[PDB]
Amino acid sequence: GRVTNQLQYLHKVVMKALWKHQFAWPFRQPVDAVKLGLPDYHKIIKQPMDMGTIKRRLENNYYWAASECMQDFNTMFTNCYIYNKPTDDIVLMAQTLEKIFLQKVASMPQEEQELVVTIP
């Protein structure tokens, strides 16, 4: 992938805020459905995603565009809403983190530019 102003913002502003949040801990690592005794998790959730995975991807410049990274964040939250019961606290935890995600995303740089300065 590459490094852009928007990806750097997702890494150093958005991920920094979410990763340290009180509610982050269910989302800092992939779901281990074997240890949790949930054999239906991977039948229902076809694209697992978590903040540990996103953070590693950002660290390794996996993304080409901030929108791909935002889609991983979105997939993470959506998986939560799809699999769990509407009244579960983890749903309100996801909704809390997602609102911060959106509020932080609103102040992201407008024009995506690769953070690169090259000798022609």
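Note that residue numbering begins at 1 and tracks the sequence as displayed.
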Hey, which bit's got the bigger mean C-alpha B factor in the entry, 81-89 or 50-58?
-> 81-89
Could you settle it for me: does 91-99 or 71-79 have the higher average Cα B factor in the PDB entry?
-> 91-99
Taking the values exactly as deposited, rank residue 12 by C-alpha B-factor within its chain and report the matching third: lowest, middle or highest.
-> middle
So where's residue 110 on the chain's Cα temperature factor ranking, which third?
-> middle
Among modelled residues of the same chain, the CA temperature factor third for residue 5 | middle
Pull the Cα B-factor of residue 36 out of the PDB entry and bin it into the chain's lowest, middle or highest third.
-> lowest
